[PDB]
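Just model.cif here, mmCIF, C-alpha atoms and all ligand atoms:
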data_protein
#
loop_
_atom_site.label_atom_id
_atom_site.label_comp_id
_atom_site.auth_asym_id
_atom_site.auth_seq_id
_atom_site.Cartn_x
_atom_site.Cartn_y
_atom_site.Cartn_z
CA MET A 190 185.17 177.86 72.77
CA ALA A 191 188.14 177.22 75.07
CA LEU A 192 189.89 178.50 78.19
CA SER A 193 190.98 181.60 76.29
CA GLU A 194 187.36 182.58 75.58
CA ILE A 195 186.31 181.96 79.18
CA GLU A 196 189.34 183.88 80.49
CA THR A 197 188.65 186.90 78.28
CA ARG A 198 184.98 186.71 79.28
CA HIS A 199 185.98 186.74 82.95
CA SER A 200 188.43 189.61 82.39
CA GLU A 201 185.94 191.86 80.59
CA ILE A 202 183.36 191.03 83.27
CA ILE A 203 185.74 192.07 86.06
CA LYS A 204 186.46 195.25 84.08
CA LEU A 205 182.71 195.89 84.02
CA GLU A 206 182.51 195.35 87.78
CA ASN A 207 185.27 197.90 88.39
CA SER A 208 183.67 200.49 86.11
CA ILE A 209 180.39 199.86 87.94
CA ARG A 210 182.17 200.34 91.27
CA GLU A 211 183.63 203.67 90.17
CA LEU A 212 180.14 204.76 89.09
CA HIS A 213 178.85 203.76 92.52
CA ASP A 214 181.53 205.72 94.39
CA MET A 215 180.76 208.72 92.19
CA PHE A 216 177.10 208.55 93.17
CA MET A 217 178.04 208.26 96.86
CA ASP A 218 180.30 211.31 96.69
CA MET A 219 177.50 213.10 94.83
CA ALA A 220 174.98 212.48 97.63
CA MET A 221 177.58 213.51 100.21
CA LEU A 222 178.51 216.84 98.61
CA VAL A 223 174.86 217.68 97.94
CA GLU A 224 174.05 217.03 101.61
CA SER A 225 176.86 219.17 103.05
CA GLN A 226 175.96 221.96 100.62
CA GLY A 227 172.42 221.49 101.90
CA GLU A 228 173.56 222.38 105.41
CA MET A 229 175.42 225.36 103.96
CA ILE A 230 172.17 226.52 102.33
CA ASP A 231 170.43 226.08 105.68
CA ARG A 232 172.74 228.58 107.37
CA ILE A 233 172.60 230.91 104.35
CA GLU A 234 168.81 231.08 104.49
CA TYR A 235 169.09 231.67 108.24
CA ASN A 236 171.38 234.70 107.81
CA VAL A 237 169.18 235.98 104.98
CA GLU A 238 165.96 235.83 106.99
CA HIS A 239 167.66 237.61 109.90
CA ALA A 240 168.85 240.27 107.44
CA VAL A 241 165.30 240.64 106.13
CA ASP A 242 163.96 241.21 109.64
CA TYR A 243 166.61 243.82 110.42
CA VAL A 244 166.02 245.63 107.12
CA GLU A 245 162.24 245.64 107.62
CA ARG A 246 162.46 247.12 111.11
CA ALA A 247 165.00 249.69 109.92
CA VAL A 248 162.75 250.73 107.03
CA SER A 249 159.77 251.09 109.37
CA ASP A 250 161.83 253.30 111.68
CA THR A 251 163.12 255.59 108.93
CA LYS A 252 159.66 255.76 107.37
CA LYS A 253 158.27 256.95 110.70
CA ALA A 254 161.26 259.27 111.12
CA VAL A 255 160.96 261.24 107.89
CA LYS A 256 157.29 262.18 108.33
CA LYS B 141 200.83 160.64 49.11
CA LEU B 142 197.19 161.53 48.55
CA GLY B 143 197.47 164.95 50.17
CA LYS B 144 197.01 166.84 53.43
CA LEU B 145 193.96 167.92 55.44
CA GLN B 146 193.40 171.18 57.33
CA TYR B 147 190.88 170.88 60.15
CA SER B 148 189.80 172.67 63.33
CA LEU B 149 189.08 171.28 66.81
CA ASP B 150 187.82 172.82 70.06
CA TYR B 151 185.39 172.15 72.92
CA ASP B 152 182.54 174.40 74.07
CA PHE B 153 182.25 174.10 77.84
CA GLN B 154 179.14 176.30 77.94
CA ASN B 155 177.01 173.80 76.02
CA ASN B 156 179.15 170.72 76.71
CA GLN B 157 179.62 169.83 73.03
CA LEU B 158 182.54 169.13 70.68
CA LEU B 159 183.02 171.54 67.78
CA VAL B 160 184.75 169.88 64.82
CA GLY B 161 185.38 172.06 61.79
CA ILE B 162 186.43 170.73 58.40
CA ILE B 163 188.39 173.51 56.74
CA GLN B 164 189.90 172.03 53.60
CA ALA B 165 192.20 169.50 51.94
CA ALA B 166 195.15 169.74 49.54
CA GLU B 167 197.22 167.77 47.01
CA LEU B 168 194.69 164.93 46.80
CA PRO B 169 195.49 162.24 44.21
CA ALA B 170 193.21 162.09 41.16
CA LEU B 171 191.09 158.96 40.66
CA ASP B 172 188.55 160.30 38.18
CA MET B 173 188.56 160.90 34.41
CA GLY B 174 188.96 164.67 34.07
CA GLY B 175 192.24 164.64 35.98
CA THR B 176 190.48 165.62 39.20
CA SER B 177 188.38 163.65 41.70
CA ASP B 178 185.05 164.45 43.37
CA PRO B 179 185.97 164.50 47.09
CA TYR B 180 183.79 164.59 50.21
CA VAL B 181 184.77 164.04 53.84
CA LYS B 182 183.03 161.74 56.32
CA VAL B 183 183.61 162.69 59.97
CA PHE B 184 182.46 160.76 63.04
CA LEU B 185 183.47 160.09 66.64
CA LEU B 186 186.11 157.35 66.64
CA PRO B 187 184.88 155.49 69.73
CA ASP B 188 181.38 154.62 68.55
CA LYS B 189 180.44 154.78 64.87
CA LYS B 190 177.08 156.43 65.41
CA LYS B 191 175.61 159.50 63.73
CA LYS B 192 178.46 159.93 61.26
CA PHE B 193 178.61 163.35 59.62
CA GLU B 194 179.18 163.86 55.90
CA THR B 195 180.15 167.06 54.04
CA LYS B 196 178.79 168.29 50.70
CA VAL B 197 180.22 166.77 47.51
CA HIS B 198 182.65 169.02 45.64
CA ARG B 199 182.93 168.47 41.90
CA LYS B 200 186.31 167.91 40.23
CA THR B 201 188.83 169.53 42.58
CA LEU B 202 192.05 168.15 44.07
CA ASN B 203 191.97 171.02 46.55
CA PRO B 204 188.41 171.03 47.95
CA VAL B 205 187.34 173.70 50.42
CA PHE B 206 184.46 172.66 52.67
CA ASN B 207 184.65 175.17 55.54
CA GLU B 208 181.91 173.20 57.31
CA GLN B 209 181.20 172.56 60.99
CA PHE B 210 179.86 169.62 63.00
CA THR B 211 178.78 169.33 66.65
CA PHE B 212 179.11 166.24 68.83
CA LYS B 213 176.94 166.52 71.94
CA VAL B 214 179.35 164.68 74.23
CA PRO B 215 180.15 165.42 77.90
CA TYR B 216 183.69 166.44 78.80
CA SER B 217 184.33 163.39 80.99
CA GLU B 218 183.49 160.86 78.27
CA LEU B 219 185.45 162.92 75.73
CA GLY B 220 188.88 161.91 77.02
CA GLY B 221 188.55 158.30 75.93
CA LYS B 222 186.99 159.26 72.62
CA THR B 223 188.72 159.56 69.27
CA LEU B 224 187.88 161.48 66.10
CA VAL B 225 187.85 160.03 62.58
CA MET B 226 188.06 162.12 59.41
CA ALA B 227 188.09 160.07 56.21
CA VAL B 228 188.27 161.51 52.69
CA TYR B 229 186.06 159.76 50.15
CA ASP B 230 185.86 159.99 46.36
CA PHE B 231 182.35 160.24 44.93
CA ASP B 232 181.37 158.09 41.95
CA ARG B 233 177.85 158.06 40.52
CA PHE B 234 177.85 154.51 39.15
CA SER B 235 179.99 152.58 41.64
CA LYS B 236 181.20 152.28 45.23
CA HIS B 237 182.65 155.49 46.63
CA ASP B 238 186.32 154.65 47.12
CA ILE B 239 188.07 155.93 50.24
CA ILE B 240 190.88 158.35 49.40
CA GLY B 241 192.24 158.68 52.93
CA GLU B 242 191.61 158.67 56.67
CA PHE B 243 192.87 160.28 59.88
CA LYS B 244 192.39 159.44 63.55
CA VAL B 245 192.87 161.85 66.46
CA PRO B 246 193.09 160.62 70.09
CA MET B 247 191.32 162.97 72.51
CA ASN B 248 193.97 162.43 75.19
CA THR B 249 196.61 163.99 72.96
CA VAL B 250 194.31 166.90 72.14
CA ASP B 251 194.67 169.98 74.33
CA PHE B 252 191.54 172.09 74.77
CA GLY B 253 191.61 175.64 76.07
CA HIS B 254 192.99 177.23 72.94
CA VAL B 255 191.18 176.81 69.63
CA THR B 256 193.12 174.14 67.73
CA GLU B 257 193.54 174.13 63.95
CA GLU B 258 196.12 172.11 62.02
CA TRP B 259 197.24 170.41 58.82
CA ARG B 260 197.74 166.65 58.98
CA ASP B 261 198.93 164.24 56.29
CA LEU B 262 196.38 161.69 55.10
CA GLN B 263 197.14 157.97 55.23
CA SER B 264 195.71 154.84 53.62
CA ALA B 265 192.80 153.23 55.47
CA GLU B 266 193.29 149.78 56.98
CA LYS B 267 191.62 146.86 55.22
CA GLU B 550 193.70 140.85 59.54
CA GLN B 551 192.34 137.30 59.87
CA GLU B 552 188.61 137.15 60.60
CA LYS B 553 188.35 134.17 62.99
CA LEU B 554 190.72 135.32 65.76
CA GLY B 555 190.09 132.10 67.67
CA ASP B 556 192.57 129.64 69.15
CA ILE B 557 192.56 125.97 70.16
CA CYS B 558 194.98 124.41 72.66
CA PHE B 559 195.79 120.71 72.94
CA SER B 560 198.58 118.28 73.87
CA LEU B 561 200.41 115.72 71.73
CA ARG B 562 202.11 112.56 73.01
MG MG C 1 183.34 160.53 40.34
#
Could you render the structure from this file as structure tokens?
Amino acid sequence: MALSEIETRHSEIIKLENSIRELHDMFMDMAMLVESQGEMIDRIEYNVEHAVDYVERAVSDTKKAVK
Amino acid sequence: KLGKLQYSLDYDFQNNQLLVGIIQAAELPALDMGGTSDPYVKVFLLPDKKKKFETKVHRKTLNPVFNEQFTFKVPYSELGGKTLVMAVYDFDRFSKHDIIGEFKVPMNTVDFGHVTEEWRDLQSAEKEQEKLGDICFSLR
């Protein structure tokens, strides 16, 4: 080999490290977004359960009202 | 006048060994009957004549192509004061194998880092007085 071979080796290796780093950052962003969306789902399920309660009580009341 | 020699030279720093490649030779003078000689190249480290490497014998060609490779397990520090010798020999079955040519390459002139590969003109090998001693005295 020579210095050219070692230099190209080093270059391609650095390239690999940068690609790896981009992959990493992508995974980090992934985890982040999924977490925030998780909180969003928390409040969604909250509103939904409240809605269910209200609907149930309403249905009971009308059901007792008709008869 | 014998001809030229194309060879390759480079150093592998990963294994700490010298990679000497014998590519080919051209325009070699004919010393044999058919009008063409039977050439083969002997390559060895110039500093110490140990473990000399010889190529395969090509039959009747004045433009032999060897495309062979040899490895000299030598550290990079010792390499600088070490020379390379590539001598072209003519094979003869019934007599001494006459030397066609020779070439010496100083490792301080060689630049490693890029893979080197060049054509160099062959020259006639050296055959001085044997004693090399001297005596000093005074006359009166
Ligand atoms: Mg012969």
Neighbours of ligand MG 1 (chain C) at 8 Å or closer, counting only C-alpha atoms and all ligand atoms: which residues, as a ChimeraX atom specification?
/B:171-173,177-178,200,230-233
Select all residues from chain A having any atom no more than 9 Å from an atom of chain B (counting all atoms listed in the file, ignoring ligands), output as a PyMOL selection string.
chain A and resi 190-195
With only C-alpha atoms counted, which protein, DNA or RNA residues have an atom no more than 12 Å from (175.9, 161.4, 56.0) in the file frame? Please answer as a PDB file with C-alpha atoms, in the coordinates of the input.
ATOM      1  CA  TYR B 180     183.790 164.590  50.210  1.00  0.00           C
ATOM      2  CA  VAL B 181     184.770 164.040  53.840  1.00  0.00           C
ATOM      3  CA  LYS B 182     183.030 161.740  56.320  1.00  0.00           C
ATOM      4  CA  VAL B 183     183.610 162.690  59.970  1.00  0.00           C
ATOM      5  CA  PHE B 184     182.460 160.760  63.040  1.00  0.00           C
ATOM      6  CA  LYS B 189     180.440 154.780  64.870  1.00  0.00           C
ATOM      7  CA  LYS B 190     177.080 156.430  65.410  1.00  0.00           C
ATOM      8  CA  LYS B 191     175.610 159.500  63.730  1.00  0.00           C
ATOM      9  CA  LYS B 192     178.460 159.930  61.260  1.00  0.00           C
ATOM     10  CA  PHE B 193     178.610 163.350  59.620  1.00  0.00           C
ATOM     11  CA  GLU B 194     179.180 163.860  55.900  1.00  0.00           C
ATOM     12  CA  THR B 195     180.150 167.060  54.040  1.00  0.00           C
ATOM     13  CA  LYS B 196     178.790 168.290  50.700  1.00  0.00           C
ATOM     14  CA  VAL B 197     180.220 166.770  47.510  1.00  0.00           C
ATOM     15  CA  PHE B 210     179.860 169.620  63.000  1.00  0.00           C
ATOM     16  CA  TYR B 229     186.060 159.760  50.150  1.00  0.00           C
TER      17      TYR B 229
END
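Note that the spacing between CA of residue 241 (chain B) and CA of residue 222 (chain B) amounts to 20.4 Å.
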Could you give me the axis-aligned bounding box of region 169-180 of chain B, with 8 Å of padding per side, as centre plus edge lengths in Å to one decimal, as AutoDock Vina command-line options?
--center_x 189.6 --center_y 162.3 --center_z 42.1 --size_x 27.7 --size_y 22.7 --size_z 32.1
Between CA of residue 179 (chain B) and CA of residue 201 (chain B) - distance in Å to one decimal:
7.3 Å
Who sits within 8 Å of residue 169 (chain B), all atoms listed in the file, same chain under 5 positions skipped, as a PyMOL selection string
chain B and resi 141-143+176-177+202+240
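Taking CA of residue 224 (chain B) and CA of residue 246 (chain B) as the two end points, the separation is 6.6 Å.
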Counting all atoms listed in the file, I want the residues whose atoms come within 8 Å of (193.3, 152.9, 56.9) in the file frame, returned as JSON, numbers by chain.
{"B": [241, 242, 243, 263, 264, 265, 266, 267]}
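Take the candidates B:220, B:215, B:175, B:187 and check each one against residue 199 (chain B) using all atoms listed in the file; the shortest distance goes to B:175.
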So that I can see what lies close to residue 221 (chain B), please list as a ChimeraX atom specification the residues with an atom at most 12 Å from it, counting all atoms listed in the file and leaving out residues fewer than 5 positions away in the same chain.
/B:185-188,214-216,245-250
Could I get chain A from the block written as a PDB file, in the first residue's frame, with C-alpha atoms?
ATOM      1  CA  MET A 190       0.000   0.000   0.000  1.00  0.00           C
ATOM      2  CA  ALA A 191       0.961   3.659   0.460  1.00  0.00           C
ATOM      3  CA  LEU A 192      -0.259   6.951   1.928  1.00  0.00           C
ATOM      4  CA  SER A 193      -2.940   7.133  -0.753  1.00  0.00           C
ATOM      5  CA  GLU A 194      -4.477   3.843   0.388  1.00  0.00           C
ATOM      6  CA  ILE A 195      -4.374   4.863   4.047  1.00  0.00           C
ATOM      7  CA  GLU A 196      -5.826   8.291   3.228  1.00  0.00           C
ATOM      8  CA  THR A 197      -8.716   6.830   1.231  1.00  0.00           C
ATOM      9  CA  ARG A 198      -9.276   4.299   4.018  1.00  0.00           C
ATOM     10  CA  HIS A 199      -9.440   7.130   6.554  1.00  0.00           C
ATOM     11  CA  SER A 200     -11.769   9.155   4.319  1.00  0.00           C
ATOM     12  CA  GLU A 201     -14.261   6.333   3.742  1.00  0.00           C
ATOM     13  CA  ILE A 202     -14.139   5.566   7.467  1.00  0.00           C
ATOM     14  CA  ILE A 203     -14.985   9.172   8.371  1.00  0.00           C
ATOM     15  CA  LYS A 204     -17.804   9.015   5.804  1.00  0.00           C
ATOM     16  CA  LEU A 205     -19.092   5.926   7.612  1.00  0.00           C
ATOM     17  CA  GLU A 206     -18.923   7.760  10.946  1.00  0.00           C
ATOM     18  CA  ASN A 207     -20.980  10.649   9.575  1.00  0.00           C
ATOM     19  CA  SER A 208     -23.612   8.342   8.075  1.00  0.00           C
ATOM     20  CA  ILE A 209     -23.736   6.546  11.428  1.00  0.00           C
ATOM     21  CA  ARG A 210     -24.179   9.887  13.192  1.00  0.00           C
ATOM     22  CA  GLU A 211     -27.091  10.844  10.938  1.00  0.00           C
ATOM     23  CA  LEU A 212     -28.679   7.463  11.684  1.00  0.00           C
ATOM     24  CA  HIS A 213     -28.233   8.158  15.397  1.00  0.00           C
ATOM     25  CA  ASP A 214     -29.834  11.606  15.216  1.00  0.00           C
ATOM     26  CA  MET A 215     -32.726  10.076  13.274  1.00  0.00           C
ATOM     27  CA  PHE A 216     -33.300   7.541  16.048  1.00  0.00           C
ATOM     28  CA  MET A 217     -33.167  10.302  18.676  1.00  0.00           C
ATOM     29  CA  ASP A 218     -35.737  12.409  16.827  1.00  0.00           C
ATOM     30  CA  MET A 219     -37.827   9.253  16.448  1.00  0.00           C
ATOM     31  CA  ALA A 220     -37.915   8.607  20.207  1.00  0.00           C
ATOM     32  CA  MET A 221     -38.685  12.284  20.824  1.00  0.00           C
ATOM     33  CA  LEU A 222     -41.645  12.526  18.438  1.00  0.00           C
ATOM     34  CA  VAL A 223     -43.062   9.216  19.646  1.00  0.00           C
ATOM     35  CA  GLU A 224     -42.881  10.470  23.243  1.00  0.00           C
ATOM     36  CA  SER A 225     -44.608  13.807  22.609  1.00  0.00           C
ATOM     37  CA  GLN A 226     -47.290  12.028  20.576  1.00  0.00           C
ATOM     38  CA  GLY A 227     -47.576   9.729  23.582  1.00  0.00           C
ATOM     39  CA  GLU A 228     -48.545  12.681  25.768  1.00  0.00           C
ATOM     40  CA  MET A 229     -51.014  13.745  23.071  1.00  0.00           C
ATOM     41  CA  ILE A 230     -52.583  10.273  23.226  1.00  0.00           C
ATOM     42  CA  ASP A 231     -52.756  10.608  27.008  1.00  0.00           C
ATOM     43  CA  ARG A 232     -54.948  13.701  26.781  1.00  0.00           C
ATOM     44  CA  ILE A 233     -56.984  12.181  23.934  1.00  0.00           C
ATOM     45  CA  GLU A 234     -57.841   9.117  26.018  1.00  0.00           C
ATOM     46  CA  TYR A 235     -58.698  11.458  28.893  1.00  0.00           C
ATOM     47  CA  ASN A 236     -61.219  13.437  26.826  1.00  0.00           C
ATOM     48  CA  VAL A 237     -62.620  10.200  25.396  1.00  0.00           C
ATOM     49  CA  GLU A 238     -63.223   8.598  28.793  1.00  0.00           C
ATOM     50  CA  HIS A 239     -64.917  11.778  30.022  1.00  0.00           C
ATOM     51  CA  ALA A 240     -67.102  11.708  26.898  1.00  0.00           C
ATOM     52  CA  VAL A 241     -67.981   8.070  27.601  1.00  0.00           C
ATOM     53  CA  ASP A 242     -69.081   8.926  31.136  1.00  0.00           C
ATOM     54  CA  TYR A 243     -71.240  11.830  29.957  1.00  0.00           C
ATOM     55  CA  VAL A 244     -72.826   9.724  27.206  1.00  0.00           C
ATOM     56  CA  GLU A 245     -73.552   6.849  29.601  1.00  0.00           C
ATOM     57  CA  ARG A 246     -75.276   9.084  32.153  1.00  0.00           C
ATOM     58  CA  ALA A 247     -77.238  10.816  29.385  1.00  0.00           C
ATOM     59  CA  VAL A 248     -78.402   7.475  27.978  1.00  0.00           C
ATOM     60  CA  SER A 249     -79.485   6.306  31.434  1.00  0.00           C
ATOM     61  CA  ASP A 250     -81.487   9.505  31.915  1.00  0.00           C
ATOM     62  CA  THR A 251     -83.267   9.321  28.549  1.00  0.00           C
ATOM     63  CA  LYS A 252     -83.907   5.603  29.035  1.00  0.00           C
ATOM     64  CA  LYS A 253     -85.612   6.388  32.343  1.00  0.00           C
ATOM     65  CA  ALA A 254     -87.393   9.344  30.730  1.00  0.00           C
ATOM     66  CA  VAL A 255     -89.097   7.527  27.855  1.00  0.00           C
ATOM     67  CA  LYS A 256     -90.713   4.818  29.989  1.00  0.00           C
TER      68      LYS A 256
END
